[PDB]
Amino acid sequence: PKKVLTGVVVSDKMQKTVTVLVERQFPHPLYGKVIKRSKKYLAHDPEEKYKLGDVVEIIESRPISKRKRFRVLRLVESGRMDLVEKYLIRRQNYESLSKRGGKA
Amino acid sequence: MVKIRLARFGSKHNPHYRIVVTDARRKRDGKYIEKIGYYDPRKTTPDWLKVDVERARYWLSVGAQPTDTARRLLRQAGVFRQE
Amino acid sequence: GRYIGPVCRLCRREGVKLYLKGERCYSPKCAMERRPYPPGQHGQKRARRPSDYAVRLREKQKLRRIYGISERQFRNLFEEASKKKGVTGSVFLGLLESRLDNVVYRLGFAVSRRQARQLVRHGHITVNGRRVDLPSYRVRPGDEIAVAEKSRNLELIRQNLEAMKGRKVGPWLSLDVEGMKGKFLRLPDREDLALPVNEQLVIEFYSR
RNA sequence: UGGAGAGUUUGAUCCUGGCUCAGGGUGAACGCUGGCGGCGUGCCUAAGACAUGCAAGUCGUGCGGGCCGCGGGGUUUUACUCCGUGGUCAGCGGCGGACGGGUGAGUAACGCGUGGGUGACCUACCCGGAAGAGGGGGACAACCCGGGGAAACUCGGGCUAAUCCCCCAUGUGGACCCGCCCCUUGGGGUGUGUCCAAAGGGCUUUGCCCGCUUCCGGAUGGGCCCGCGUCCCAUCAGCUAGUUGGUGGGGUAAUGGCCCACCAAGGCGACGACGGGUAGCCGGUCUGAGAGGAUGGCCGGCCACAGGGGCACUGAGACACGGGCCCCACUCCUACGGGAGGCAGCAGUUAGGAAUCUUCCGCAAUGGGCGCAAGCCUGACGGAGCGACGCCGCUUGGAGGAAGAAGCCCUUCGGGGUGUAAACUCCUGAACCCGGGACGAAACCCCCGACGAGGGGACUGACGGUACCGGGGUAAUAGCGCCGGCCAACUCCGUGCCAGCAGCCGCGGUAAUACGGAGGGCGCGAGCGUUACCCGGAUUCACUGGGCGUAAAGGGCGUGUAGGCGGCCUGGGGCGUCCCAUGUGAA
Ligand SMILES: [Mg+2]
Ligand SMILES: [Mg+2]
Ligand SMILES: [Mg+2]
Ligand SMILES: [Mg+2]
Ligand SMILES: [Mg+2]
Ligand SMILES: [Mg+2]
Ligand SMILES: [Mg+2]
Ligand SMILES: [Mg+2]
Ligand SMILES: [Mg+2]
Ligand SMILES: [Mg+2]
Ligand SMILES: [Mg+2]
Ligand SMILES: [Mg+2]
Ligand SMILES: [Mg+2]
Ligand SMILES: [Mg+2]
Ligand SMILES: [Mg+2]
Ligand SMILES: [Mg+2]
Ligand SMILES: [Mg+2]
Ligand SMILES: [Mg+2]
Ligand SMILES: [Mg+2]
Ligand SMILES: [Mg+2]
Ligand SMILES: [Mg+2]
Ligand SMILES: [Mg+2]
Ligand SMILES: [Mg+2]
Ligand SMILES: [Mg+2]
Ligand SMILES: [Mg+2]
Ligand SMILES: [Mg+2]
Ligand SMILES: [Mg+2]
Ligand SMILES: [Mg+2]
Ligand SMILES: [Mg+2]
Ligand SMILES: [Mg+2]
Ligand SMILES: [Mg+2]
Ligand SMILES: [Mg+2]
Ligand SMILES: [Mg+2]
Ligand SMILES: [Mg+2]
Ligand SMILES: [Mg+2]
Ligand SMILES: [Mg+2]
Ligand SMILES: [Mg+2]
Ligand SMILES: [Mg+2]
Ligand SMILES: [Mg+2]
Ligand SMILES: [Mg+2]
Ligand SMILES: [Mg+2]
Ligand SMILES: [Mg+2]
Ligand SMILES: [Mg+2]
Ligand SMILES: [Mg+2]
Ligand SMILES: [Mg+2]
Ligand SMILES: [Mg+2]
Ligand SMILES: [Mg+2]
Ligand SMILES: [Mg+2]
Ligand SMILES: [Zn+2]
């Protein structure tokens, strides 16, 4: 079975390609509690069909590039920029964590 | 090619062989494809040879080639007895 | 023997008759009677309240010396009786009692276990018919323990199986004084051993 | 079939808390001691340097020769010349040299583990099935002739065979473009066009054996991709320009920025990017009641590496440890121009080090390469050798033997200890001697049958005159540590805060069970101590399984970002969770 993942498109910024964000719960090996944990896949979108916010199943597939080894299989739930926004703030944060601050 | 041969398993002066299928290129004692028999050349017990002609015949049919004393042992278990 | 050396000086340390030296231990000469205190200069003094460790030590010594086994040999048995299914206390005592060197002394082929050790190392003993000269050999039930064919009439095994005429053999062994055979019927029921030793303590020692 | 605790803070106490011990382990080393055997095991340091020998070849049943012999021919004889046969050498050619063997330097990575994918692929030798080999042509070594170099070696000229090279044919079939059908990533059909085959050898010679060609399948081996797992530092916080994606090329067995040109401006990171440190990964090992911790040494699997750094050739496979080229560092040769090397193969030497083995025997067995076979090669391997380095078995005797020698040691001067220990009586008989003496080995091969099944026969042992069996037969090594508490075991003398001990607590300042010796005692025993390291006791990083008023520990206070967490009722989904089946979990 080619692995199939389900995720949120969080990047349209590429030609014929979408960043897909894929979460996975699971219990922590030593301490028990259920930990969320996520990873971004680059997926092949040849119609530039799928759009920011779409929730797509992504499938294992023969390599298209470095990075691109998945193709967008189908569309689950169309539109939902909460996830995109959720993800978006997470990278907004990054700005703070450095050597200075104030209004930066 | 894949061979049917002996794999040395006893101890110093206590030889027991496993009759094995394996690519000819393994070491004689390394990872093998399938054990299909055993041989105690000292006949220390009543049960000193054992084959499984069914599997032995299988591997022959896909062209495993047995070493000269493997085939001797295989014959002795009537792998080849066709009557 | 394996210890090899003053024997009745251990008789006196453990404070119990041990019967290591065979038949003089039945005579009014075994030191345990009319000299029952430990060896050494201070052996007749007011003996201090012995520690918890001391007591578990001595009971082990008490057992190990009675069988004439080493210690590396002893420990290797207890541990085998640990890992073994069943009550590890009296599974120990059964193995100990399965040692050929001891089984020979049980069948009264020799007056002691030490004298029984020598008869084994010197090929005077058959098991099932072939010679076995290993005092540690494990007698299994069904096995028949003979005096060696060409030994049968040595000056010693003559006068020793002569004592065994009419004498009684443990419940778990038969014996046939005519041809000088003997059989190991069953590993001993803990009740069968009159062993002057609380083996519960010996388990407790090997777990510090 | 599974969990023990103790010593040490005080005049005493309870608690917190660290330190220490007792247990297990070892590729060990050091000290004292050391008898036999079986089986394991043995450079932890310099992936430093290496003398010498041996370590991958084989095939005359692919081919033609040179050299040294012998024999038979053509002639009336010689000369010249033809044929056969023995040895030998390399050459051309095939297959092997990509396995086997060594090491862990690098590597934190799809390297490894685990589970998947390949409609994106390869696979020599092997097995199965289908079909085929008809013509013709060429060259290069060998050899012959010359040159150059000191040498390693090298240049030119001429001849020639082949299972070496090529051209035409045959087209079962296949490859490629385009189309069409079914499939659905580049899977399977089908039509036209184009393109593509082959090698001969041996005979117990017409018909067998060994080869050759194309295609389809199997089997074995492999490439590549993916999910998930894989150490320490955040006193490393930002990183990236083939970077990230596209189009089209190149390249490959094949996917891919793998590489290139052009275009878009992406990609990554607090779920730890980038950087630094360390490290081969796993099966497993050790420890632990478990959960954990520790580790990767023997053996097995993967990876990587072959003085250091690049590289491609050949080929089914290599970017090749005993192949090629270049650069660097060493050592050697050198006629000063130039050359030759590469033990991390087996032994062995030297250096470093606390420390790590024989320049052994054998191809008898198992296994590998080539050969139809006979056979050849095989420091793989099977054995032997050294070291108590580990494990296991075994011996230094057994039974009797005093109211209880002698010496030594205490003493309350009576005695008491060493002590049934010795002496001694009898008994057995490790060592040693004599004799017999293996298993491992039945195949290849030859005969019968049919080169099948089946039967018959012969050959073969390094270990080894060993194992073991039988006959003789001698009383035949004991050491080391410890005795204040924890911790089993106390007396005398010497010593005087000295000499010394000491794991921790603490001993010794003139009556020391703590130092040194003696007698005795305890524990182990061919071994016993020491050091070093690991887990344990350590619920002393606490998930199981801890804490923070005063013991160490609440942030000076808030705000509220990420994140963590979330009241009662109904319904859907079924991610978490649970269940059954099944596959995997090699040895
Ligand atoms: Mg205080
Ligand atoms: Mg005090
Ligand atoms: Mg106290
Ligand atoms: Mg050895
Ligand atoms: Mg090394
Ligand atoms: Mg050789
Ligand atoms: Mg010739
Ligand atoms: Mg030749
Ligand atoms: Mg790194
Ligand atoms: Mg993987
Ligand atoms: Mg075929
Ligand atoms: Mg020429
Ligand atoms: Mg050809
Ligand atoms: Mg043609
Ligand atoms: Mg390293
Ligand atoms: Mg624990
Ligand atoms: Mg080197
Ligand atoms: Mg190199
Ligand atoms: Mg090839
Ligand atoms: Mg090629
Ligand atoms: Mg090579
Ligand atoms: Mg390489
Ligand atoms: Mg070499
Ligand atoms: Mg070497
Ligand atoms: Mg040195
Ligand atoms: Mg060796
Ligand atoms: Mg062979
Ligand atoms: Mg070897
Ligand atoms: Mg035989
Ligand atoms: Mg042969
Ligand atoms: Mg004490
Ligand atoms: Mg004094
Ligand atoms: Mg003292
Ligand atoms: Mg002390
Ligand atoms: Mg031993
Ligand atoms: Mg712990
Ligand atoms: Mg701590
Ligand atoms: Mg907790
Ligand atoms: Mg605490
Ligand atoms: Mg305070
Ligand atoms: Mg405080
Ligand atoms: Mg406060
Ligand atoms: Mg404060
Ligand atoms: Mg919030
Ligand atoms: Mg709720
Ligand atoms: Mg929530
Ligand atoms: Mg579910
Ligand atoms: Mg399962
Ligand atoms: Zn006694």
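Residues numbered from 1 in each chain as written, not as in the entry; some residues may be left out. Chains lettered and ligands numbered in written order. Part of a larger assembly, values for the part shown. Heavy atoms only, no water.

- Its PDB header names X-ray crystallography as the technique used to obtain the model and reports a resolution of 3.3300 Å.

- With the PDB entry as reference, chain C is termed 30S ribosomal protein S4, source organism Thermus thermophilus.
- Note on chain C: under the UniProt heading Subunit (literature references left out), the record states "Part of the 30S ribosomal subunit. Contacts protein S5. The interaction surface between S4 and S5 is involved in control of translational fidelity." (UniProt positions renumbered as here; feature names shortened; annotations may be inferred.)

- The name given to chain A in the PDB entry is 30S ribosomal protein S17, with Thermus thermophilus as the source organism.
- According to the UniProt record, the Sequence similarities comment for chain A is "Belongs to the universal ribosomal protein uS17 family."

Here's the deal with the pattern of salt bridges
Residue and element names in this part refer to chain C.
- Overall, the coordinates contain 28 salt bridges over all chains when judged by the stated rule.
- Here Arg-75 ties to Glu-79 by a salt bridge, and the two come within 3.4 Å at their closest N and O atoms. Here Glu-79 and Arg-75 lie together in helix α3 (residues 72-83), a separation of four residues that amounts to about one turn.
- With relative accessibility at 35%, the residue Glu-79 sits in the partly exposed group.
- As a salt-bridge pair, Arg-140 and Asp-143 come within 2.7 Å of each other at their nearest N and O atoms.
- Residue classification places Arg-140 among the partly exposed residues on the basis of a relative accessible area of 47%.
- Judged by its relative accessible area of 5%, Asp-143 is buried. (Salt bridge = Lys/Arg side-chain N within 4 Å of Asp/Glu carboxyl O. Helix = DSSP H or I, 4+ residues; strand = E, 2+ residues; numbered from the N terminus. Buried < 20%, exposed > 50% of the residue type's maximum accessible area, 1.4 Å probe, protein only.)

Here's the deal with the protein's contact with RNA strand D
- Taken together, 144 residues lie around RNA strand D, and A:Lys66, B:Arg28, C:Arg2, C:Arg9 and C:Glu204 are the ones closest in.
- The share of sugar and phosphate among atoms of RNA strand D within 4 Å of the protein is 82%.
- Side-chain polar atom of A:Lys2 to a sugar or linking oxygen of RNA strand D: 2.8 Å apart, as the coordinates give it.
- Here a phosphate oxygen of RNA strand D and a side-chain polar atom of B:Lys12 are 3.0 Å apart.
- It is helix α2 (residues 52-67) of chain C that provides the largest number of residues to the surface near RNA strand D, a total of eight residues.
- Partitioning the surface near RNA strand D into residue classes produces 39 nonpolar, 38 polar and 67 charged. (Near = heavy atom within 4 Å. Polar contact = N/O pair within 3.5 Å; in protein donor to acceptor, adjacent residues only side chain to side chain. Nonpolar A, V, L, I, M, F, W, Y, C, P; charged D, E, K, R; others polar.)

Notes on the UniProt feature "binding site: Zn(2+)" in chain C
Residues and elements named next belong to chain C.
- In the numbering used here, UniProt assigns the "binding site: Zn(2+)" feature to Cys-8, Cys-11, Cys-25 and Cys-30. A compact arrangement is adopted by the annotated residues: their sequence extent is 23 residues, whereas the largest C-alpha distance between any two is 9.7 Å.
- The residue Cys-11 is located in helix α1 (residues 8-14) in this model.
- You can call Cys-11 buried: its relative accessible area is 0%.
- Ignoring anything within four residues of it in the chain, the contact list for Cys-11 reads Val-16, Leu-18, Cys-25, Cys-30 and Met-32.
- With relative accessibility at 0%, the residue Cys-30 sits in the buried group.
- In this view, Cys-30 contacts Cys-8, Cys-11, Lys-17, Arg-24 and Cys-25; residues no more than four positions away in its chain are not counted. (Contact = heavy atoms within 4.5 Å.)

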